[PDB]
$ cat target.pdb   # PDB, C-alpha atoms and all ligand atoms
ATOM      1  CA  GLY A   1     -68.032  39.165  54.702
ATOM      2  CA  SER A   2     -66.228  38.835  51.354
ATOM      3  CA  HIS A   3     -63.171  36.961  52.721
ATOM      4  CA  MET A   4     -65.573  34.487  54.369
ATOM      5  CA  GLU A   5     -67.788  34.375  51.238
ATOM      6  CA  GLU A   6     -64.761  33.583  49.034
ATOM      7  CA  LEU A   7     -63.747  30.721  51.379
ATOM      8  CA  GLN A   8     -67.299  29.280  51.428
ATOM      9  CA  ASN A   9     -67.466  29.305  47.595
ATOM     10  CA  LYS A  10     -64.132  27.460  47.318
ATOM     11  CA  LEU A  11     -65.252  24.856  49.913
ATOM     12  CA  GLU A  12     -68.402  24.112  47.877
ATOM     13  CA  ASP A  13     -66.305  23.481  44.730
ATOM     14  CA  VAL A  14     -63.736  21.109  46.243
ATOM     15  CA  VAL A  15     -65.743  18.160  47.659
ATOM     16  CA  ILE A  16     -66.609  15.208  45.364
ATOM     17  CA  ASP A  17     -69.422  12.688  46.037
ATOM     18  CA  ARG A  18     -67.956   9.272  46.985
ATOM     19  CA  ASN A  19     -70.347   7.418  44.617
ATOM     20  CA  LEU A  20     -68.920   9.394  41.636
ATOM     21  CA  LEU A  21     -65.494   7.819  42.393
ATOM     22  CA  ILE A  22     -64.492   4.183  41.748
ATOM     23  CA  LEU A  23     -61.129   3.046  43.187
ATOM     24  CA  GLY A  24     -58.684   0.827  41.282
ATOM     25  CA  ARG A  25     -55.315  -0.805  41.968
ATOM     26  CA  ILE A  26     -52.562   0.446  44.303
ATOM     27  CA  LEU A  27     -49.830   2.324  42.372
ATOM     28  CA  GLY A  28     -47.658   3.345  45.345
ATOM     29  CA  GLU A  29     -47.841   2.867  49.114
ATOM     30  CA  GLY A  30     -45.543   4.521  51.692
ATOM     31  CA  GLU A  31     -45.841   5.651  55.320
ATOM     32  CA  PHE A  32     -47.726   8.945  54.824
ATOM     33  CA  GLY A  33     -50.296   7.516  52.364
ATOM     34  CA  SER A  34     -51.144   5.539  49.210
ATOM     35  CA  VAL A  35     -51.552   6.456  45.522
ATOM     36  CA  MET A  36     -54.248   4.560  43.581
ATOM     37  CA  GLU A  37     -55.941   4.317  40.209
ATOM     38  CA  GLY A  38     -59.493   5.575  39.966
ATOM     39  CA  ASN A  39     -62.402   6.510  37.738
ATOM     40  CA  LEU A  40     -64.230   9.837  38.226
ATOM     41  CA  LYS A  41     -67.726  10.123  36.728
ATOM     42  CA  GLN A  42     -68.064  13.611  35.208
ATOM     43  CA  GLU A  43     -71.050  15.934  34.562
ATOM     44  CA  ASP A  44     -71.159  14.932  30.855
ATOM     45  CA  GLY A  45     -71.901  11.220  31.593
ATOM     46  CA  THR A  46     -68.413   9.896  30.715
ATOM     47  CA  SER A  47     -65.731   8.662  33.147
ATOM     48  CA  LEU A  48     -62.183  10.042  33.569
ATOM     49  CA  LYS A  49     -59.144   8.084  34.755
ATOM     50  CA  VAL A  50     -57.714   9.746  37.887
ATOM     51  CA  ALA A  51     -54.971   9.315  40.487
ATOM     52  CA  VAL A  52     -56.247   9.120  44.084
ATOM     53  CA  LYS A  53     -53.908  10.050  46.973
ATOM     54  CA  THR A  54     -55.199   8.791  50.348
ATOM     55  CA  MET A  55     -53.679  10.466  53.435
ATOM     56  CA  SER A  56     -56.570  12.688  63.148
ATOM     57  CA  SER A  57     -59.073  15.107  64.778
ATOM     58  CA  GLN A  58     -61.818  17.044  62.940
ATOM     59  CA  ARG A  59     -59.785  20.269  63.409
ATOM     60  CA  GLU A  60     -57.198  18.732  61.031
ATOM     61  CA  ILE A  61     -60.022  17.584  58.674
ATOM     62  CA  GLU A  62     -61.436  21.138  58.461
ATOM     63  CA  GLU A  63     -57.841  22.343  57.980
ATOM     64  CA  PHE A  64     -57.409  19.769  55.175
ATOM     65  CA  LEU A  65     -60.675  20.872  53.484
ATOM     66  CA  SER A  66     -59.722  24.557  53.857
ATOM     67  CA  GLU A  67     -56.250  23.939  52.394
ATOM     68  CA  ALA A  68     -57.757  21.740  49.639
ATOM     69  CA  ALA A  69     -60.233  24.513  48.753
ATOM     70  CA  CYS A  70     -57.305  26.921  48.160
ATOM     71  CA  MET A  71     -55.344  24.463  45.957
ATOM     72  CA  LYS A  72     -58.503  23.646  43.935
ATOM     73  CA  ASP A  73     -58.559  27.321  42.886
ATOM     74  CA  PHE A  74     -55.138  27.139  41.108
ATOM     75  CA  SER A  75     -55.469  27.387  37.327
ATOM     76  CA  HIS A  76     -52.196  27.280  35.387
ATOM     77  CA  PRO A  77     -50.896  24.665  32.884
ATOM     78  CA  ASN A  78     -47.630  24.192  34.892
ATOM     79  CA  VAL A  79     -49.401  23.639  38.240
ATOM     80  CA  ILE A  80     -51.192  20.327  38.897
ATOM     81  CA  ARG A  81     -54.959  20.844  39.064
ATOM     82  CA  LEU A  82     -56.704  19.393  42.090
ATOM     83  CA  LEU A  83     -59.951  17.839  40.783
ATOM     84  CA  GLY A  84     -61.420  17.507  44.287
ATOM     85  CA  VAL A  85     -61.503  15.733  47.651
ATOM     86  CA  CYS A  86     -63.421  12.843  49.270
ATOM     87  CA  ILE A  87     -63.520  11.887  52.958
ATOM     88  CA  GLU A  88     -64.070   8.173  53.590
ATOM     89  CA  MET A  89     -64.394   7.001  57.214
ATOM     90  CA  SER A  90     -62.820   3.942  58.888
ATOM     91  CA  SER A  91     -64.500   1.292  61.066
ATOM     92  CA  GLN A  92     -62.516   2.551  64.096
ATOM     93  CA  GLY A  93     -63.856   6.120  63.537
ATOM     94  CA  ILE A  94     -60.706   7.664  62.009
ATOM     95  CA  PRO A  95     -61.456   9.747  58.871
ATOM     96  CA  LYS A  96     -59.413   8.923  55.732
ATOM     97  CA  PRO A  97     -59.206  11.986  53.439
ATOM     98  CA  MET A  98     -58.665  11.384  49.700
ATOM     99  CA  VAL A  99     -57.240  13.712  47.031
ATOM    100  CA  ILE A 100     -58.260  13.241  43.384
ATOM    101  CA  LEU A 101     -55.816  14.229  40.641
ATOM    102  CA  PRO A 102     -55.477  13.888  36.864
ATOM    103  CA  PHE A 103     -53.769  10.597  35.991
ATOM    104  CA  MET A 104     -50.294  11.196  34.527
ATOM    105  CA  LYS A 105     -49.016   8.014  32.867
ATOM    106  CA  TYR A 106     -45.483   9.413  32.298
ATOM    107  CA  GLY A 107     -45.089   9.856  36.081
ATOM    108  CA  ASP A 108     -42.706  12.110  38.007
ATOM    109  CA  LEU A 109     -39.837  13.983  36.363
ATOM    110  CA  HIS A 110     -37.050  12.472  38.541
ATOM    111  CA  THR A 111     -37.912   8.904  37.529
ATOM    112  CA  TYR A 112     -38.242   9.954  33.857
ATOM    113  CA  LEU A 113     -34.713  11.427  33.869
ATOM    114  CA  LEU A 114     -33.261   8.266  35.454
ATOM    115  CA  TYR A 115     -35.164   6.048  32.966
ATOM    116  CA  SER A 116     -33.716   8.136  30.085
ATOM    117  CA  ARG A 117     -30.247   6.748  30.928
ATOM    118  CA  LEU A 118     -31.498   3.141  30.455
ATOM    119  CA  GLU A 119     -32.072   1.334  27.123
ATOM    120  CA  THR A 120     -35.735   0.369  27.706
ATOM    121  CA  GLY A 121     -36.850   3.773  29.040
ATOM    122  CA  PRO A 122     -37.296   6.989  26.976
ATOM    123  CA  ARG A 123     -34.388   8.049  24.748
ATOM    124  CA  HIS A 124     -31.601  10.535  25.524
ATOM    125  CA  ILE A 125     -33.053  13.929  26.487
ATOM    126  CA  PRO A 126     -31.219  16.785  24.702
ATOM    127  CA  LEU A 127     -30.285  20.165  26.251
ATOM    128  CA  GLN A 128     -33.267  21.974  24.645
ATOM    129  CA  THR A 129     -35.759  19.616  26.319
ATOM    130  CA  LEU A 130     -34.061  19.708  29.755
ATOM    131  CA  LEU A 131     -34.196  23.508  29.635
ATOM    132  CA  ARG A 132     -37.875  23.354  28.602
ATOM    133  CA  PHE A 133     -38.543  21.337  31.809
ATOM    134  CA  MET A 134     -36.855  24.105  33.838
ATOM    135  CA  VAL A 135     -38.864  26.857  32.060
ATOM    136  CA  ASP A 136     -42.110  24.938  32.695
ATOM    137  CA  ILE A 137     -41.280  24.578  36.419
ATOM    138  CA  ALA A 138     -40.316  28.272  36.664
ATOM    139  CA  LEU A 139     -43.628  29.268  35.035
ATOM    140  CA  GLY A 140     -45.607  27.139  37.518
ATOM    141  CA  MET A 141     -43.663  28.576  40.457
ATOM    142  CA  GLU A 142     -43.912  32.156  39.137
ATOM    143  CA  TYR A 143     -47.704  31.670  39.180
ATOM    144  CA  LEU A 144     -47.692  30.290  42.757
ATOM    145  CA  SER A 145     -45.324  33.030  43.966
ATOM    146  CA  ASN A 146     -47.686  35.722  42.550
ATOM    147  CA  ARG A 147     -50.462  34.191  44.709
ATOM    148  CA  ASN A 148     -48.142  34.184  47.784
ATOM    149  CA  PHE A 149     -48.348  30.394  47.977
ATOM    150  CA  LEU A 150     -45.196  28.593  49.133
ATOM    151  CA  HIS A 151     -44.607  25.100  47.680
ATOM    152  CA  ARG A 152     -42.326  23.948  50.574
ATOM    153  CA  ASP A 153     -41.266  20.581  49.001
ATOM    154  CA  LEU A 154     -40.052  21.593  45.486
ATOM    155  CA  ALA A 155     -37.956  18.836  43.868
ATOM    156  CA  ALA A 156     -37.823  16.821  40.618
ATOM    157  CA  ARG A 157     -39.766  13.926  42.228
ATOM    158  CA  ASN A 158     -42.683  16.350  42.924
ATOM    159  CA  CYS A 159     -42.840  17.613  39.320
ATOM    160  CA  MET A 160     -45.167  15.584  37.105
ATOM    161  CA  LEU A 161     -45.063  15.077  33.324
ATOM    162  CA  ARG A 162     -48.356  15.517  31.434
ATOM    163  CA  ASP A 163     -49.245  13.582  28.221
ATOM    164  CA  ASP A 164     -47.905  16.441  26.027
ATOM    165  CA  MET A 165     -44.543  16.397  27.952
ATOM    166  CA  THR A 166     -45.409  19.646  29.784
ATOM    167  CA  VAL A 167     -44.058  19.709  33.357
ATOM    168  CA  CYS A 168     -46.280  20.813  36.248
ATOM    169  CA  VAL A 169     -45.419  21.367  39.931
ATOM    170  CA  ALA A 170     -47.223  19.042  42.366
ATOM    171  CA  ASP A 171     -47.156  17.265  45.767
ATOM    172  CA  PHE A 172     -47.313  20.457  47.838
ATOM    173  CA  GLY A 173     -45.830  20.487  51.357
ATOM    174  CA  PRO A 174     -35.607  16.370  52.129
ATOM    175  CA  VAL A 175     -32.595  18.083  53.757
ATOM    176  CA  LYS A 176     -30.659  18.620  50.503
ATOM    177  CA  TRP A 177     -33.379  20.832  48.929
ATOM    178  CA  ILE A 178     -33.780  23.190  51.945
ATOM    179  CA  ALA A 179     -32.231  26.694  51.967
ATOM    180  CA  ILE A 180     -29.471  27.634  54.439
ATOM    181  CA  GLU A 181     -31.691  30.061  56.431
ATOM    182  CA  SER A 182     -34.538  27.495  56.519
ATOM    183  CA  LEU A 183     -32.141  24.971  58.104
ATOM    184  CA  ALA A 184     -30.914  27.625  60.589
ATOM    185  CA  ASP A 185     -34.003  29.610  61.660
ATOM    186  CA  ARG A 186     -36.770  27.133  60.621
ATOM    187  CA  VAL A 187     -38.356  29.889  58.469
ATOM    188  CA  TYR A 188     -39.620  29.633  54.884
ATOM    189  CA  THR A 189     -40.283  32.272  52.178
ATOM    190  CA  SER A 190     -40.595  32.407  48.362
ATOM    191  CA  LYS A 191     -36.775  32.763  48.290
ATOM    192  CA  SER A 192     -36.521  29.368  50.035
ATOM    193  CA  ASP A 193     -38.583  27.947  47.134
ATOM    194  CA  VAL A 194     -36.109  29.649  44.746
ATOM    195  CA  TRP A 195     -33.233  27.758  46.461
ATOM    196  CA  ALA A 196     -35.124  24.473  45.981
ATOM    197  CA  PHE A 197     -35.693  25.390  42.314
ATOM    198  CA  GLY A 198     -31.935  25.780  41.818
ATOM    199  CA  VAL A 199     -31.421  22.284  43.287
ATOM    200  CA  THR A 200     -34.227  20.998  41.044
ATOM    201  CA  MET A 201     -32.477  22.604  38.025
ATOM    202  CA  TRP A 202     -29.287  20.746  39.052
ATOM    203  CA  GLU A 203     -31.199  17.407  39.260
ATOM    204  CA  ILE A 204     -32.440  17.988  35.693
ATOM    205  CA  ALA A 205     -29.011  18.967  34.291
ATOM    206  CA  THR A 206     -27.391  15.855  35.924
ATOM    207  CA  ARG A 207     -30.275  13.658  34.639
ATOM    208  CA  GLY A 208     -31.336  12.613  38.161
ATOM    209  CA  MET A 209     -28.259  12.605  40.441
ATOM    210  CA  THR A 210     -28.893  12.963  44.166
ATOM    211  CA  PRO A 211     -27.659  16.440  45.274
ATOM    212  CA  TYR A 212     -24.204  16.771  46.906
ATOM    213  CA  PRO A 213     -22.514  13.408  46.221
ATOM    214  CA  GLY A 214     -20.188  12.498  49.121
ATOM    215  CA  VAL A 215     -21.940  14.818  51.624
ATOM    216  CA  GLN A 216     -24.239  13.273  54.263
ATOM    217  CA  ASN A 217     -27.554  14.880  55.306
ATOM    218  CA  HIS A 218     -26.259  15.512  58.857
ATOM    219  CA  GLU A 219     -23.207  17.263  57.306
ATOM    220  CA  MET A 220     -25.333  19.602  55.101
ATOM    221  CA  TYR A 221     -25.690  22.712  57.315
ATOM    222  CA  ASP A 222     -21.947  23.095  58.042
ATOM    223  CA  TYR A 223     -21.175  22.369  54.348
ATOM    224  CA  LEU A 224     -23.373  25.261  53.150
ATOM    225  CA  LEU A 225     -22.221  27.490  56.064
ATOM    226  CA  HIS A 226     -18.612  27.468  54.747
ATOM    227  CA  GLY A 227     -19.840  28.649  51.304
ATOM    228  CA  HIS A 228     -19.889  25.316  49.435
ATOM    229  CA  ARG A 229     -22.622  24.765  46.817
ATOM    230  CA  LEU A 230     -23.600  22.166  44.202
ATOM    231  CA  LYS A 231     -20.878  21.634  41.603
ATOM    232  CA  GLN A 232     -21.312  22.419  37.906
ATOM    233  CA  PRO A 233     -22.517  19.306  36.044
ATOM    234  CA  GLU A 234     -20.306  17.936  33.247
ATOM    235  CA  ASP A 235     -21.105  19.581  29.883
ATOM    236  CA  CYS A 236     -23.386  22.154  31.602
ATOM    237  CA  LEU A 237     -23.424  25.639  30.068
ATOM    238  CA  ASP A 238     -21.701  28.351  32.109
ATOM    239  CA  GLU A 239     -24.808  30.553  31.653
ATOM    240  CA  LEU A 240     -27.118  27.770  32.890
ATOM    241  CA  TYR A 241     -24.862  27.128  35.894
ATOM    242  CA  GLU A 242     -24.817  30.871  36.694
ATOM    243  CA  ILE A 243     -28.649  30.838  36.703
ATOM    244  CA  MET A 244     -28.841  27.890  39.159
ATOM    245  CA  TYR A 245     -25.929  29.244  41.234
ATOM    246  CA  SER A 246     -27.838  32.558  41.662
ATOM    247  CA  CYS A 247     -30.600  30.565  43.412
ATOM    248  CA  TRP A 248     -28.191  29.621  46.265
ATOM    249  CA  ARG A 249     -26.926  33.091  47.327
ATOM    250  CA  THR A 250     -26.438  33.221  51.114
ATOM    251  CA  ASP A 251     -28.585  36.348  51.572
ATOM    252  CA  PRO A 252     -32.152  35.442  50.447
ATOM    253  CA  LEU A 253     -32.709  39.058  49.270
ATOM    254  CA  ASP A 254     -29.951  38.645  46.627
ATOM    255  CA  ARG A 255     -31.670  35.593  45.032
ATOM    256  CA  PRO A 256     -33.721  36.416  41.922
ATOM    257  CA  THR A 257     -37.498  36.014  41.730
ATOM    258  CA  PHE A 258     -39.134  33.215  39.729
ATOM    259  CA  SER A 259     -40.159  35.740  37.052
ATOM    260  CA  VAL A 260     -36.544  36.922  36.669
ATOM    261  CA  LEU A 261     -35.323  33.294  36.592
ATOM    262  CA  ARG A 262     -37.992  32.319  34.040
ATOM    263  CA  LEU A 263     -37.004  35.109  31.593
ATOM    264  CA  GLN A 264     -33.313  34.149  31.860
ATOM    265  CA  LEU A 265     -34.150  30.492  31.074
ATOM    266  CA  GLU A 266     -36.391  31.307  28.070
ATOM    267  CA  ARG A 267     -33.669  33.584  26.646
ATOM    268  CA  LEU A 268     -31.033  30.854  27.081
ATOM    269  CA  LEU A 269     -33.370  28.307  25.424
ATOM    270  CA  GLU A 270     -34.053  30.674  22.500
ATOM    271  CA  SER A 271     -30.296  31.148  21.905
ATOM    272  CA  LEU A 272     -29.713  27.391  21.332
ATOM    273  CA  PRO A 273     -29.683  26.008  17.746
TER     274      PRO A 273
HETATM  275  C1  LIG B   1     -51.658  18.363  44.721
HETATM  276  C2  LIG B   1     -51.611  17.548  45.987
HETATM  277  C3  LIG B   1     -52.181  18.082  47.140
HETATM  278  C4  LIG B   1     -52.190  17.387  48.347
HETATM  279  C5  LIG B   1     -52.789  17.994  49.560
HETATM  280  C6  LIG B   1     -52.182  18.122  50.814
HETATM  281  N1  LIG B   1     -52.969  18.716  51.688
HETATM  282  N2  LIG B   1     -54.107  18.988  50.994
HETATM  283  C7  LIG B   1     -55.207  19.657  51.675
HETATM  284  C8  LIG B   1     -54.041  18.574  49.713
HETATM  285  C9  LIG B   1     -55.159  18.747  48.743
HETATM  286  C10 LIG B   1     -51.594  16.134  48.405
HETATM  287  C11 LIG B   1     -51.018  15.578  47.280
HETATM  288  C12 LIG B   1     -51.027  16.267  46.063
HETATM  289  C13 LIG B   1     -50.379  15.624  44.913
HETATM  290  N3  LIG B   1     -49.868  16.164  43.857
HETATM  291  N4  LIG B   1     -49.346  15.118  43.090
HETATM  292  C14 LIG B   1     -49.577  14.029  43.766
HETATM  293  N5  LIG B   1     -49.283  12.751  43.487
HETATM  294  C15 LIG B   1     -49.878  11.639  44.219
HETATM  295  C16 LIG B   1     -48.270  12.418  42.492
HETATM  296  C17 LIG B   1     -48.977  11.807  41.310
HETATM  297  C18 LIG B   1     -49.914  12.614  40.545
HETATM  298  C19 LIG B   1     -50.577  12.110  39.475
HETATM  299  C20 LIG B   1     -50.349  10.762  39.089
HETATM  300  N6  LIG B   1     -50.851  10.029  38.098
HETATM  301  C21 LIG B   1     -50.258   8.789  38.222
HETATM  302  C22 LIG B   1     -49.401   8.754  39.270
HETATM  303  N7  LIG B   1     -49.448  10.010  39.835
HETATM  304  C23 LIG B   1     -48.776  10.526  40.927
HETATM  305  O1  LIG B   1     -50.222  14.261  44.932
HETATM  306 CL    CL B   2     -52.963  19.032  35.665
HETATM  307 CL    CL B   3     -52.440  14.299  31.560
HETATM  308 CL    CL B   4     -27.586   9.035  39.386
HETATM  309 CL    CL B   5     -22.162  18.662  44.287
END
$ encode --input "target.pdb" --output "structure tokens"
Amino acid sequence: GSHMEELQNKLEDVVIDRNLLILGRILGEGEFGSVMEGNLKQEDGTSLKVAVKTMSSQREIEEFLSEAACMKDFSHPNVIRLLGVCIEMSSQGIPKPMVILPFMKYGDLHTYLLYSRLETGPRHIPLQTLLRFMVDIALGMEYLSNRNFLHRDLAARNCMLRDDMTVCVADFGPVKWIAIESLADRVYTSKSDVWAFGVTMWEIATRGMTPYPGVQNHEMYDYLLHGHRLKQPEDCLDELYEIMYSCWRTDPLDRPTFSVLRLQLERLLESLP
């Protein structure tokens, strides 16, 4: 059919030949995987510097390729573009899937904010620029919400800064970013992503503070249950705080959409001198 034809087209696009990729040094290395430098040889002869994220039955491999094929299709300047996938195999017979991404030398937004409070790192980020990060994230999420794609792990550490200082959402799926209903019922909608966006806005306005100082992760459900939310950052605009506070309304139906949030943020940014 057409649904099957559309899937088969996407699956053709996503896979990269292993010989077109050259691996470099290890950048990061945790439990779930490793991030590495790479070179990707392109159609025009020249090479491109890339980031390579390396991630066990073939059902999960087909599921990975299917999911990768969907993400490959995203095209928006505030959503990270998946360049493609490679599947290398181990000596034991376990497949190692690899995800190829544009290299972003400025790194993740959370680290950038924290560095901005240190002498050697980037200089003090003014209110206009912090709000521009929030607008950029809202635009990326508005795009994903229109395609009925849930991010699931939205946070400042999963937003990446491009060379022009544009922010894009990345690292698609952290107790303190999860909505109250998603902790209770184990269910996740676009309004759960909106909650996470509010928490991400708070990270940006505090220049990288961990959410809910003095509240443990195991204490989080009961804390939210009694109506408590993230406190207004020092020297935060009342209008900005009202926007992020609207993201944490108890009833998910009362939370605004990403399009509504994005307009409110652009208007607030335009009003600043
Ligand atoms: C988009 C994306 C998708 C998947 C995924 C999960 N399941 N399937 C099927 C896929 C295709 C996994 C990871 C990502 C991703 N997004 N961002 C990053 N990283 C590693 C952050 C990064 C990016 C760029 C960068 N440059 C220097 C350092 N950097 C660090 O990883
Ligand atoms: Cl990108
Ligand atoms: Cl870039
Ligand atoms: Cl801090
Ligand atoms: Cl708080």
$ resolve_selection --input "target.pdb" --expression "the PyMOL selection byres (((chain A and resi 129-139) around 7) and not hetatm)" --output "short mmCIF file (atom, residue, chain, number, x, y, z; two decimals) with C-alpha atoms, in the frame of the given file"
data_model
loop_
_atom_site.label_atom_id
_atom_site.label_comp_id
_atom_site.auth_asym_id
_atom_site.auth_seq_id
_atom_site.Cartn_x
_atom_site.Cartn_y
_atom_site.Cartn_z
CA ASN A 78 -47.63 24.19 34.89
CA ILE A 125 -33.05 13.93 26.49
CA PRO A 126 -31.22 16.78 24.70
CA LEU A 127 -30.28 20.16 26.25
CA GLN A 128 -33.27 21.97 24.64
CA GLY A 140 -45.61 27.14 37.52
CA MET A 141 -43.66 28.58 40.46
CA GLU A 142 -43.91 32.16 39.14
CA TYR A 143 -47.70 31.67 39.18
CA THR A 166 -45.41 19.65 29.78
CA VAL A 167 -44.06 19.71 33.36
CA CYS A 168 -46.28 20.81 36.25
CA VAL A 169 -45.42 21.37 39.93
CA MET A 201 -32.48 22.60 38.02
CA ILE A 204 -32.44 17.99 35.69
CA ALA A 205 -29.01 18.97 34.29
CA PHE A 258 -39.13 33.22 39.73
CA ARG A 262 -37.99 32.32 34.04
CA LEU A 265 -34.15 30.49 31.07
CA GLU A 266 -36.39 31.31 28.07
CA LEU A 269 -33.37 28.31 25.42
#
$ atom_distance --input "target.pdb" --atom1 "atom CA of residue A:8" --atom2 "atom CA of residue A:69"
8.9 Å
$ residues_near_ligand --input "target.pdb" --ligand "ligand CL 2 (chain B)" --cutoff "6 Å" --atoms "only C-alpha atoms and all ligand atoms" --output "PyMOL selection string"
chain A and resi 80-81+102
$ resolve_selection --input "target.pdb" --expression "the PyMOL selection byres (((chain A and resi 206-220) around 6) and not hetatm)" --output "PyMOL selection string"
chain A and resi 110+113-114+203-205+221-223+233
$ closest_residue --input "target.pdb" --among "A:63, A:43, A:12, A:108" --to "ligand CL 3 (chain B)" --atoms "all atoms listed in the file"
A:108
$ resolve_selection --input "target.pdb" --expression "the PyMOL selection byres (((chain A and resi 157) around 8) and not hetatm)" --output "PyMOL selection string"
chain A and resi 108-111+155-156+158-160
$ residues_around --input "target.pdb" --residues "stretch 85-87 of chain A" --least-positions-apart "3" --cutoff "7 Å" --atoms "all atoms listed in the file" --output "mmCIF file with C-alpha atoms, keeping the file's coordinate frame"
data_model
loop_
_atom_site.group_PDB
_atom_site.id
_atom_site.type_symbol
_atom_site.label_atom_id
_atom_site.label_comp_id
_atom_site.auth_asym_id
_atom_site.auth_seq_id
_atom_site.Cartn_x
_atom_site.Cartn_y
_atom_site.Cartn_z
ATOM 1 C CA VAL A 14 -63.736 21.109 46.243
ATOM 2 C CA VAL A 15 -65.743 18.160 47.659
ATOM 3 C CA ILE A 16 -66.609 15.208 45.364
ATOM 4 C CA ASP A 17 -69.422 12.688 46.037
ATOM 5 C CA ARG A 18 -67.956 9.272 46.985
ATOM 6 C CA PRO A 95 -61.456 9.747 58.871
ATOM 7 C CA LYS A 96 -59.413 8.923 55.732
ATOM 8 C CA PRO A 97 -59.206 11.986 53.439
ATOM 9 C CA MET A 98 -58.665 11.384 49.700
ATOM 10 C CA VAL A 99 -57.240 13.712 47.031
ATOM 11 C CA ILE A 100 -58.260 13.241 43.384
#
